[PDB]
Structures are given as structure tokens and as C-alpha cells.
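Just so we're on the same page: letters track the sequence lines, and every chain starts at 1.
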Protein chains: 2
Amino acid sequence: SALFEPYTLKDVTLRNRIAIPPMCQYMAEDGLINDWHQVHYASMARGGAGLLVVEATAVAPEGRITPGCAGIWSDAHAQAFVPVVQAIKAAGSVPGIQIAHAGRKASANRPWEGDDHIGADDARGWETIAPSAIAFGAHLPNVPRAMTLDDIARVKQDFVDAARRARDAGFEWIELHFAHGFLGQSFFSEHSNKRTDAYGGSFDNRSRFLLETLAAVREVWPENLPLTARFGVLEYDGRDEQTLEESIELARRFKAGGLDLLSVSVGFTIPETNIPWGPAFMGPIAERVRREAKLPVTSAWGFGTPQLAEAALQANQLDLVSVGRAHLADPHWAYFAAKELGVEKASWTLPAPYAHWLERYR
Amino acid sequence: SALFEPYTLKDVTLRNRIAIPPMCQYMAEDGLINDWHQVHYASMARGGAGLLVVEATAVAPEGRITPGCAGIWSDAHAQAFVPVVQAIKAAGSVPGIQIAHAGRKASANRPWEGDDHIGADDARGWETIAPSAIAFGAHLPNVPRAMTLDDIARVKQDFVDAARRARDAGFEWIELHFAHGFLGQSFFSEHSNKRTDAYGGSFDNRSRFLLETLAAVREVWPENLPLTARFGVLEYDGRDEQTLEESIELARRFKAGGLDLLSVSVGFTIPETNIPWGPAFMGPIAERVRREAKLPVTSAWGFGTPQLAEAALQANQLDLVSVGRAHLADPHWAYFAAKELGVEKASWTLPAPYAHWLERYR
Ligand SMILES: Cc1cc2nc3c(=O)[nH]c(=O)nc-3n(C[C@H](O)[C@H](O)[C@H](O)COP(=O)(O)O)c2cc1C
Ligand SMILES: Cc1cc2nc3c(=O)[nH]c(=O)nc-3n(C[C@H](O)[C@H](O)[C@H](O)COP(=O)(O)O)c2cc1C
Ligand SMILES: CCOC(=O)/C(=N\O)C(C)=O
Ligand SMILES: CCOC(=O)/C(=N\O)C(C)=O
Ligand SMILES: CCOC(=O)/C(=N\O)C(C)=O
Ligand SMILES: CCOC(=O)/C(=N\O)C(C)=O
Ligand SMILES: CCOC(=O)/C(=N\O)C(C)=O
Ligand SMILES: CCOC(=O)/C(=N\O)C(C)=O
């Protein structure tokens with residue numbers, strides 16, 4: 001089965017094509033991860049996935065989505081990830097991390113605590129920053145402060161320092177969070193970027209923050225470890241053909257700038273959209289980005305059955321299949337997929353203390 | 001659903017009727033558990049089971065099954081369990097432990113490393129002890145040393161010391177391992193016990209080691225925490241009616257000795273048997289023990305589907321359903337069962353960072 005073929009990118013070899021995409025846990029305190037994350041990540045890595053990308057980890061305190069978000073804005077924050085890196089590697093998986101800045105969608109409650117912007121009377125909140133002083137709307141009404149040129153320099157340096165820390169902590173795969181309506185995506189989109197300086201207006205200017213951040217990270221991230229990004233390539237806002245064409249052109253520039261793989265997603269920049277949710281619906285879009293930009297890709301949002309994942313690889317729509325929620329339901333989902341796809345010795349997707357007995361359960 | 005009704009025994013309340021029975025991991029070193037066990041147990045506890053009984057933990061070095069078995073024969077060994085106890089509790093499950101002595105089945109290889117008695121030239125092996133100098137046979141040919149009265153006194157004290165260490169580590173539930181052909185079971189069975197002293201021959205004599213060990217443990221284990229045992233009530237050796245009658249009588253004497261619940265199993269004392277493996281095959285046997293000995297029971301060996309578990313509880317065959325291998329396959333099996341049985345808010349079997357999203361997946 002294609003899902004269980006290894007994948008090599010730079011010096012990193014994944015044992016199969018199953019990637020666990022970044023999934024915020026909202027369980028950190030002051031950015032510091034803890035026993036929640038340690039067990040959560042170690043268990044999923046033992047489940048068999050070849051790559052585990054750690055959740056959106058803020059490059060700066062105001063770049064957290066919520067008060068429960070992980071951070072990597074100090075060396076002490078980075079050192080807290082070391083046992084997670086070690087547990088993922090000990091399980092035979094590859095440890096990655098998504099480094100992030102939530103932009104105008106920051107200072108929000110946890111999803112099971114309202115999911116909305118923290119009110120001004122709640123001392124847990126903080127001022128948000130963005131390309132322009134314009135709110136997302138809906139449940140995120142807080143108007144962000146428009147970034148200064150010094151803010152732009154500072155946030156870029158925060159991404160550099162976050163990448164340096166991720167490198168030194170032993171991560172073997174990095175993903176820049178340029179998707180999902182957060183800071184990077186909001187620089188690209190004309191919905192959110194009304195700037196009149198070098199960072200807004202034209203395609204070159206809207207791309208500039210993302211390309212400059214990529215280039216700055218490229219200087220500190222090892223050439224032999226995959227340098228990746230997540231990017232929303234369309235919004236389902238009635239502008240899809242033009243937006244996809246521009247996003248694919250930006251992907252070409254990412255490739256020229258040393259990007260090794262693109263996690264293809266939806267922008268989620270504004271709420272006034274009509275996303276056609278369905279099984280594997282991103283398949284054709286990821287395939288178009290992969291083929292037209294000539295870059296390996298992953299995607300998510302409905303590939304979480306063994307046959308859907310296998311079909312996407314066979315059709316050369318994806319290079320890795322990201323499977324998120326199914327791994328929250330079952331940390332050993334990779335083993336479940338190996339069984340369903342008839343992999344020889346499927347139980348040995350898991351470590352010996354499980355595999356021995358489940359082979360004989362069979 | 002009966003499977004998701006709470007259960008109270010002494011001062012302990014389990015949130016549902018799903019118990020994870022003891023399952024050796026073979027990953028300890030010199031009896032000390034480590035990060036294998038920490039993640040393994042914490043992840044299963046977060047999966048939703050109401051009770052998690054930690055694997056057979058040796059009361060003495062020679063009572064391990066294998067060089068990978070956990071031990072609790074010193075205070076340092078007990079302290080290693082504290083983070084496991086606390087992680088199970090933090091997940092909302094109840095931490096138990098099975099304390100054990102492998103008897104003539106000790107000094108064996110891990111199951112995926114031959115599963116057989118360690119060879120005499122292998123430096124990892126040790127001298128085994130048993131009621132009588134008689135080998136199990138088959139893949140376990142080593143002849144054990146017949147225990148003296150001094151050995152009997154010492155092993156009993158080892159069980160006492162282990163129970164006191166388990167108490168201080170914070171376990172809320174203890175299970176004495178009198179099953180599966182190990183030391184306790186082998187004192188009961190005429191196949192393995194040929195003694196001519198007070199500990200062999202008659203039913204009273206064969207029961208004596210088990211009753212005296214239970215009574216000695218009772219003096220140090222808190223009256224307000226469940227005191228349980230696992231015991232093989234038949235062998236499938238052509239002597240089932242007589243053996244089950246004797247085993248049920250011993251269960252009555254365990255109850256008179258303060259036992260709160262019996263984990264009903266098969267003896268596995270000798271290899272020359274014909275065990276009729278099948279779904280829920282222990283149901284009728286556990287029901288007979290429960291009704292005739294008037295004692296709460298659990299059992300295992302084929303209850304690991306949601307409907308089989310539910311049916312056994314509704315028929316009053318069991319008070320708790322032990323589900324072992326299904327939790328190695330999926331450490332969130334309790335959530336899978338809640339979904340299959342149509343429990344309201346089934347996703348909230350899991351902690352919020354999973355439950356919130358799986359409710360909406362639905
Ligand atoms: C709990 C949760 C947290 C998420 N956090 C992140 C995140 O930190 N970064 C990110 O890029 N996507 C995040 N996402 C989106 C997922 O990576 C993924 O795209 C989504 O779950 C769809 O894939 P699936 O259908 O396999 O679940 C998150 C999704 C969930 C359910
Ligand atoms: C890996 C493994 C380890 C086990 N270790 C123990 C043990 O330490 N003590 C015990 O009493 N039973 C042990 N058993 C037997 C189980 O507790 C249980 O009775 C068996 O797995 C049957 O239940 P199931 O059909 O739900 O798996 C073990 C079983 C397995 C698969
Ligand atoms: C068998 C492979 O798994 C392991 O050894 C492990 N984590 O995966 C540890 C720390 O014991
Ligand atoms: C809905 C698009 O945004 C995401 O997927 C996300 N992070 O990227 C979270 C934490 O929800
Ligand atoms: C029929 C069950 O066989 C097993 O796997 C087992 N436990 O589950 C053993 C041998 O310990
Ligand atoms: C909200 C549930 O969180 C937990 O269960 C936990 N351990 O289990 C923590 C706080 O780390
Ligand atoms: C075959 C019966 O033995 C067991 O289940 C056991 N412990 O009790 C193991 C395999 O470790
Ligand atoms: C509640 C819907 O869950 C999702 O689709 C999701 N990821 O899978 C989000 C919003 O991040």
C-alpha cells in the first residue's frame with residue numbers, strides 16, 4: 001500500500017506516509033507544555049505515524065491563539081519540548097513543530113470555553129497585532145493594532161529565534177504557520193491587508209512578509225532537515241480561481257526560497273465564505289498545487305479513512321496524508337489503517353509490547 | 001448503558017464498568033518501570049476506562065516472569081510507580097496494581113524473544129521456586145526448587161511488604177495474582193502441588209498458602225480500599241466440575257477473609273488442556289462464581305466488543321468488564337465503546353482537548 005511506503009526528504013526518512021498535522025491542545029500554561037503534551041505526543045507517535053508535527057507553537061506571547069497555547073519564545077520554553085522530541089524519536093516517528101503567530105485571531109478563549117475573543121474586562125486577554133486594523137468579525141470582533149515596521153522586524157526575528165530553538169531542541173522538521181487566517185495568511189490576503197507600505201498592495205508586497213520570514217528562517221534552519229510551511233491557497237470566498245493562481249505563484253517563490261514541502265490548506269482569513277466540506281475535498285486542490293508549483297505537498301480536512309488516504313497517494317494528489325482528528329479518537333490510528341489496508345504484519349506498526357499480542361489476536 | 005454506570009466498592013468509585021486488566025509490558029529494567037510504562041498507562045487512563053490495574057508486579061526478584069518484568073520489592077521500585085499512579089488519577093481513572101510471584105513459570109524470555117525458559121548458559125536467568133519440584137513442561141521445562149516452610153513465610157512477607165509499598169505509592173485498588181499457573185495458582189492445583197506438609201494434599205492444605213497470603217496482606221492494606229485477587233477457577237483439564245466446585249468454595253473463604261471482588265480466570269497450571277476459546281466464553285463461569293460465592297466479579301478473555309461487554313453486565317454475569325487487548329490496539333477503547341453503545345455525549349468519555357472536537361466531528 002502507498003500509505004505505508006517510506007518517504008525521504010532531505011536527510012529525513014519517514015517510515016510511512018501518515019503525518020499527524022499540528023493540533024493545538026490548549027493545555028499549556030504561560031506557553032510551557034507539560035504532562036498533557038508529553039503523553040499525548042508520545043502515545044500518538046507509538047501509534048505508528050511516520051511524522052508528528054507538534055501543534056502551533058507561538059513565536060511570541062501575543063502570538064498565542066489562547067492562554068492555553070504552547071510557546072517557544074524563550075530558551076526555557078524550547079527546553080520543555082526536548083522530552084517530546086525524544087519520545088517521538090524513541091517511538092520511531094519523526095518530530096516536527098509548527099511555529100506560529102496568531103495575528104488578529106489571537107487573545108481568544110479555548111474552544112470549549114467559548115471559542116471567542118477574550119473580553120476587554122478579562123485580564124487574561126492581550127492586544128493583538130495584524131497587517132491592518134481590521135477585525136475578523138463574527139466571534140472574533142477585536143480590532144488588532146496595525147503593525148509598525150519595527151513590529152515586522154521583531155516578529156521576523158521571533159520566527160528566526162523560534163526556528164533556532166526548535167533546531168537546538170532536536171526537531172527534524174519545521175513548519176511555518178502561514179495558514180488559517182493567522183498573521184502570515186493575513187499578510188497575503190487582500191481581505192485583511194490594507195497596508196500602503198512595502199508590505200501591502202501588490203502581489204509582491206503582500207507576499208513580502210512571508211518570503212522574508214522564510215528567508216530569515218532558512219538562514220538558521222539546517223539545510224539537511226525539511227523546511228516546510230502551511231499556507232491557505234484559497235478561501236472559498238467567490239475569488240477562488242484568482243486566489244489559487246496567486247497562491248500557486250507564491251508557492252513557486254517558496255520553492256525558489258528553499259521550501260521543501262507545502263502543507264496545502266484553506267485560508268480561513270474571513271468568516272464570509274462557503275467551504276464545501278466533504279471527504280477528501282482538498283485532494284484536487286492539493287494535486288493542482290503539487291503539479292503546478294512542482295513541490296511535494298500534504299493536506300488534511302477529510303482524508304481520515306484508510307481508503308481515502310490510500311487513494312490520494314495513489315492518484316499523486318499528496319506525498320503525505322495528514323490525519324488529525326482520527327488520531328485524537330485513536331492514538332494508534334496508523335495501526336488501524338495498516339490492518340484495513342491489509343499490510344503484511346500490520347500489528348508491527350506498533351511497538352513490540354503491543355504488536356506481539358495483536359498479531360496473535362489475529 | 002450498563003457499561004457506563006459508575007461502580008462503588010469500599011471508598012472507591014469507578015466512573016464506568018470498564019476495567020483494564022493487568023497486562024505485562026516486559027519493558028522494565030531490574031524491576032524498575034520507565035517512560036514506556038508512564039506513557040502506556042497514562043494514555044489508556046485518558047481513554048476513559050474507570051479502573052486501570054497495572055501489570056503483574058513482582059514481590060521479589062525471582063518472582064518476575066522475565067527480565068523485563070516490573071517489581072515492587074524495594075522502596076525505590078515503589079517510588080517509580082508514583083508518577084504512574086498520579087497520572088492515572090489525573091485522568092479520572094482509578095489506579096490499581098496486581099502484585100505477583102511467577103513461581104515455576106519465572107526466569108522466562110520475553111514473549112517476542114522466544115517466550116521460553118531462559119537457557120542455563122544465559123546470564124539473565126535465575127533459580128525458580130514452587131510448591132513442588134515439578135516442571136510445567138513444554139516451553140517451560142526448568143524444574144523449580146520446592147519451597148521450604150521458611151520460603152513460604154518469606155514469600156508471604158514479600159506480598160505484605162509489596163502491599164504496603166503499593167498503598168504508600170497511592171494505589172487505590174490491589175489485586176493478588178493467584179491465577180495463571182504462577183505461584184499462588186500452583187499451590188492450589190493438585191497438578192503442581194505434591195506437598196506432604198500443611199500446604200499440600202487436602203483442599204484446606206492446598207488453599208492454605210492463598211488464604212494465609214490474603215490474611216497477611218489484609219493486615220496492612222486499608223480496609224477502605226478494594227482488596228481483590230485473580231484466581232483461575234478451572235483448567236479445562238477434564239476435571240472441570242470438581243475443580244470449579246473447589247474453586248468456588250475457595251472464593252467463599254476469600255470472601256470470609258475480607259476479599260471485596262474476585263477476578264475470575266482460567267488456571268493455565270499445566271499445558272495439557274483444551275480451553276474452549278470464544279467470545280465471552282468466561283461469562284457463564286464468572287456468573288456461577290458470582291452467584292454461588294456471593295461476591296462481585298470481573299472476567300476477561302473475549303469480552304472486548306462493546307456489545308459483548310454490555311450483554312455480560314445486563315445479564316449480571318460480571319460487575320466490571322475487563323478489556324485487555326482492545327486497549328493495546330486502541331488506548332481510547334472506552335470512547336469507542338461509548339460511541340457504539342450510543343452514550344449521550346460519548347466524546348466526553350475523553351478529556352476536553354479531544355472531546356470538544358470529536359463531538360463536532362459527529
Ligand atoms: C484540535 C485541533 C487543533 C488544531 N490545531 C491546529 C494547529 O495548531 N495548526 C494547524 O495548522 N492546524 C490545526 N488544526 C487543523 C488540523 O491540523 C487539520 O487540518 C484538521 O484537523 C483537518 O484534518 P482531519 O480531517 O484529519 O482532522 C487543528 C485541528 C484540530 C481538530
Ligand atoms: C500483553 C498481555 C499481558 C498480560 N499480562 C497479564 C498480567 O500481568 N497479569 C494477568 O493477570 N493477566 C495478564 N494478561 C491476561 C490479561 O489480563 C487478559 O486476561 C487477557 O488479555 C484477556 O482479555 P482480553 O480478551 O480483553 O484481551 C496479559 C495479557 C496480555 C495480552
Ligand atoms: C519499543 C520501542 O518503544 C520504546 O522503547 C520507548 N518508547 O517508544 C521507550 C522510551 O521505552
Ligand atoms: C480552522 C483553521 O484554523 C486551524 O485549523 C487552527 N490552527 O491552524 C486551529 C487551532 O483551529
Ligand atoms: C487467547 C488470549 O491469548 C493472549 O493473547 C493472552 N492474553 O490475551 C496471553 C497468552 O496472555
Ligand atoms: C482536562 C484533562 O486533563 C487531564 O486529564 C490531565 N491529565 O490527565 C492534565 C491536566 O494534564
Ligand atoms: C496465560 C495466562 O497468563 C497471563 O495471562 C499472564 N499473566 O497473568 C501473562 C501472559 O503475562
Ligand atoms: C469543530 C470542527 O472541527 C474542525 O473541522 C477543525 N479541525 O478539524 C477546526 C475548526 O480546527
Candidate pair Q79(A) and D75(A), rule side chain to side chain donor-acceptor pair (under 3.5 Å), full reasoning = CA-CA 6 Å; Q79(A) 298 163 16; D75(A) 291 358; 5.2 Å; no

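- For the atom pair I20(A) CD1 and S322(A) OG, the distance stands at 9.5 Å (nearest 0.5 Å).
- Between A251(A) and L262(A), the closest heavy-atom pair is CB-CD2, 3.9 Å.
- For the residue pair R124(A)/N109(A), the side-chain donor-acceptor check at 3.5 Å is satisfied.
- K89(A) places no side-chain N or O within donor-acceptor distance of the main-chain N or O of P95(A), the cut-off being under 3.5 Å.
- Checked by atom type and distance alone, the side chain of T213(A) pairs as donor or acceptor with a backbone atom of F209(A) at under 3.5 Å.
- Taking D330(B) as the reference, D330(A), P331(A), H332(B), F336(B) meet the side chain to side chain contact (heavy atoms under 4.5 Å, CB included) condition, with sequence neighbours excluded.
- Side-chain contact between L259(A) and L295(A) is present, with at least one heavy-atom pair separated by less than 4.5 Å.
- Taking CZ from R253(A) and CG from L211(A), the interatomic distance works out to 8.0 Å, rounded to the nearest 0.5 Å.
- Ring geometry for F178(A) against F254(A) counts as tilted: the plane angle lies between 30° and 60°, on a 0 to 90° scale.
- Side-chain contact check for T269(A) versus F136(A): every heavy-atom pair is 4.5 Å or farther apart.
- Here OG of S247(A) is found 11.5 Å from CZ of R252(A). Values are rounded to the nearest 0.5 Å.
- Remark: side-chain polar atoms of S347(A) are not paired, donor with acceptor, to backbone N or O of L358(A) under 3.5 angstrom.
- Taking OG of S265(A) as the reference point, atom CE of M282(A) lies at 5.5 Å (rounded to 0.5 Å).
- Side-chain N or O atoms of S189(A) include none that pairs as donor or acceptor with a backbone N or O of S186(A) at under 3.5 Å.
- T298(A) and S263(A) share no donor-acceptor pair across their side chains, judged by distance under 3.5 Å alone.
- A pairwise comparison of heavy atoms in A162(A) and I72(A) identifies CB-CG2, 3.6 Å as the closest pair.
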In a table with atom names and distances, give each donor-acceptor pair under 3.5 Å that connects a side chain of residues 308-315 of chain A to protein atoms at least two apart or in another chain.
| residue | atom | partner | partner atom | Å |
| --- | --- | --- | --- | --- |
| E310(A) | OE1 | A2(A) | N | 3.2 |
| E310(A) | OE1 | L3(A) | N | 2.8 |
| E310(A) | OE2 | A2(A) | N | 2.8 |
| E310(A) | OE2 | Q314(A) | NE2 | 2.8 |

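- One finds a salt bridge joining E62(A) and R154(A) here, because a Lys/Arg side-chain nitrogen approaches an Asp/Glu carboxylate oxygen to under 4.0 Å.
- Under a 3.5 Å cut-off, the side chain of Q25(B) and the backbone N or O of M23(B) do form a donor-acceptor pair.
- Geometrically, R64(A) does not engage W73(A) in a cation-pi contact defined by less than 6.0 Å to the ring centre and at most 45° from the axis.
- In this structure, the separation between CD1 on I275(A) and CG on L234(A) is 8.5 Å, given to the nearest 0.5 Å.
- For the 3.5 Å distance criterion, the side chains of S107(A) and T128(A) fail to qualify, holding no donor opposite an acceptor.
- With hydrogens and angles disregarded, a donor-acceptor distance shorter than 3.5 Å links the side chain of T228(A) to the backbone of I174(A).
- Tested against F231(A), the residues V289(A), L176(A), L210(A) include a single side-chain contact (heavy atoms from CB on, under 4.5 Å) partner, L210(A).
- For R17(A) (side chain) and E5(A) (main-chain N/O), a donor-acceptor pair under 3.5 Å exists by modelled atom type.
- Applying the 6.0 Å contact sphere to CD of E359(A) captures more than 12 heavy atoms from other residues, nucleotides or ligands.
- Side-chain atoms of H356(A) and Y26(B) include no donor-acceptor pair closer than 3.5 Å.
- Among residues at least two apart or in separate chains, ring pair (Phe, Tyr, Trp, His ring centres under 6.0 Å) pairs with a member in residues 293-317 of chain A are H180(A)-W301(A), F268(A)-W301(A), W277(A)-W301(A).
- Aromatic rings of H40(A) and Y354(B) (six-membered ring for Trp) have centroids within the 6.0 Å cut-off, being under it.
- The heavy-atom pair separating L52(B) from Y41(B) by the smallest distance is CD1-O, 3.3 Å.
- Looking at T349(A), its side chain never comes within 3.5 Å of a backbone N or O of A338(A) through a donor-acceptor pair.
- In this structure, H101(A) and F182(A) approach most closely via the heavy-atom pair O-CB, 3.4 Å.
- In summary, the side chains of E235(A) and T273(A) do not present any donor paired with an acceptor at a separation below 3.5 Å, with no hydrogens or angles considered.
- Crowding of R360(A) atom CZ: a count of heavy atoms from other residues, nucleotides or ligands under 6.0 Å exceeding 12.
- Ion pairing between a basic and an acidic side chain is recognised when a charged N comes within 4.0 Å of a carboxylate O; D260(A) and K10(A) show such pairing.
- The existence of a salt bridge linking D168(A) and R165(A) is excluded, since no basic side-chain nitrogen approaches an acidic carboxylate oxygen closer than 4.0 Å.
- Residues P353(A) and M27(B) are in side-chain contact: their nearest non-hydrogen atoms beyond the backbone lie under 4.5 Å apart.
- Side-chain contact check for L244(A) versus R288(A): some heavy-atom pair is nearer than 4.5 Å.
- Using a 3.5 Å distance cut-off with no hydrogens or angles, the side chains of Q38(A) and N34(A) do not pair a donor with an acceptor.
- Geometrically, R46(A) engages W36(B) in a cation-pi contact defined by less than 6.0 Å to the ring centre and at most 45° from the axis.
- Remark: the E287(A) side chain and the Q317(A) side chain contain no N/O donor-acceptor pair separated by less than 3.5 Å.
- Shortest non-hydrogen contact noted between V343(A) and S1(A) is CG2-OG, 4.1 Å.
- Within the 4.5 Å cutoff, the side chain of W357(B) has heavy atoms near those of the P111(A) side chain.
- A donor-acceptor pair under 3.5 Å is formed between the side chain of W221(A) and the backbone N or O of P226(A).
- Side chains of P21(B) and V53(B) form no contact here, defined as non-hydrogen atoms less than 4.5 Å apart.
- Between the side chain of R15(A) and the backbone N or O of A49(A), at least one donor-acceptor pair lies under 3.5 Å.
- Nearest heavy atoms, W333(A) versus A326(A): CD1-CB, 3.5 Å.
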